[PDB]
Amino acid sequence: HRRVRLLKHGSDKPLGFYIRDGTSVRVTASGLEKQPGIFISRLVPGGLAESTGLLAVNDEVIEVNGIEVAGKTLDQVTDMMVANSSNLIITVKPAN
């Protein structure tokens, strides 16, 4: 896991990434068990997230500012992020 801080410049400018629903493959004593998850689907060209080189397409979003997204909907998680947009920190599980 990596904690990624995303800075915000314009009040009207987005942090520069899209999120989507996905499937997380996770490990349990039984074996690999699928679970719903939230992922970065793409980055805005020229945007803030891109420019950092810290977020990648298909990184899995694990937490928004310390709060796990497990069990939340895509809209709920979107609302968490934008609320926190001035000081957004996301814990990701990198695709690489």
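We number the residues from 1 along the sequence you see.
Higher mean CA temperature factor, per the PDB entry, when comparing 70-78 with 20-28: 20-28. Per the deposited record, the Cα B-factor of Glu50 falls in the middle third when ranked against the other modelled residues of its chain.
Per-chain ranking of the deposited C-alpha B factor places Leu43 in the middle third.
The PDB entry assigns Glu33 a C-alpha temperature factor belonging to the highest third of its chain's modelled residues.
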